[PDB]
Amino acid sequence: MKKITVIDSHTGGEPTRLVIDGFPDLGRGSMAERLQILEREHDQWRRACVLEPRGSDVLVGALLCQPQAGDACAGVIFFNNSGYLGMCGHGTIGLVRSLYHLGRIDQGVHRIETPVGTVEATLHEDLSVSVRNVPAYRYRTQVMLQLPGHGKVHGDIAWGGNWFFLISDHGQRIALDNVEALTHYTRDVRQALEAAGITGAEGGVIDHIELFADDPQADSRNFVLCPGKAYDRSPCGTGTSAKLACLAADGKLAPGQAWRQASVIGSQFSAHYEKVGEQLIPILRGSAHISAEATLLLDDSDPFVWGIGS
């Protein structure tokens, strides 16, 4: 039995499996270079960690890495049931809260290396975490999409640390009891995007889809389809970052102004942005809670030792 030592947490219901020991050595390169090696040479390990039976389709994993920079407290690579993420907001909140749980950091400011750049997390007195994310921006606005059976929708294409399509005119009901219909709708959206050749910058695959609606207890409520067709239980840190860039460009949110984003299950992030140069810097605040301390055990006689399915 190979062993993988993890701290499982969740942020607003969205889980993070922080791998603290047991994965193959990925060398001493950047987090982006280590991601390439992990995917190319050791992708079976991602599958063991986060697919059924030892994980779940909902699960996002985070491999804790020694960072290159002396002033960074950690590096991380994020992954899910289908592949690799860029940044991960809920995941970074989970990582920091987990490092605190392990006694490796205290309250204060920490820099975390990721495959898309270094972010800065503040662990507050209440143990919530603010993440100063990589820069966010809108690439295209009100891109028209024909949805069979639904008709035309318009969406923004925006980068928040992953690529998102953001839709307000969907006409769908956003609530936990409707996640089946919402999942089908957003799958159809991604299909339509793929059909029409619509990408982000430099042919970036738009693999996250988010729908927005009014909420009586927040500025907005969202539903977010992740690359592997599981939904985000949280308001989605990178997704909300993309949203801030869109609001700003539309003249609807100024620097420093708070924006409360509720998730499909009612959890909340508060967010604002700062302007540095031409760049918009999204800052997200939320809380994670520890779910479990676990050691995954990989039995060589188990036919699903490297995970179930395709």
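When you see a residue number, it is the position in the sequence shown, counting from 1.
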204-212 versus 190-198 - greater average Cα B-factor per the deposited record: 190-198
Mean Cα B-factor comparison, 70-78 or 84-92, giving the higher one as deposited: 70-78
Of the residues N222, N133, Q146, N162, the one carrying the largest Cα B-factor as recorded: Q146
Candidate set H110, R233, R97, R138 [ranked by C-alpha B-factor, highest]: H110
Entry-reported Cα temperature factor of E278, expressed as the chain third it lands in: highest
Third of the chain, ranked by Cα B-factor, where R28 sits: highest
Third of the chain's Cα B-factor distribution that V305 belongs to, per the entry: lowest
For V119, the third of its chain into which the C-alpha B factor falls: lowest
Chain-wide C-alpha B factor ranking for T240, given as lowest, middle or highest third: lowest
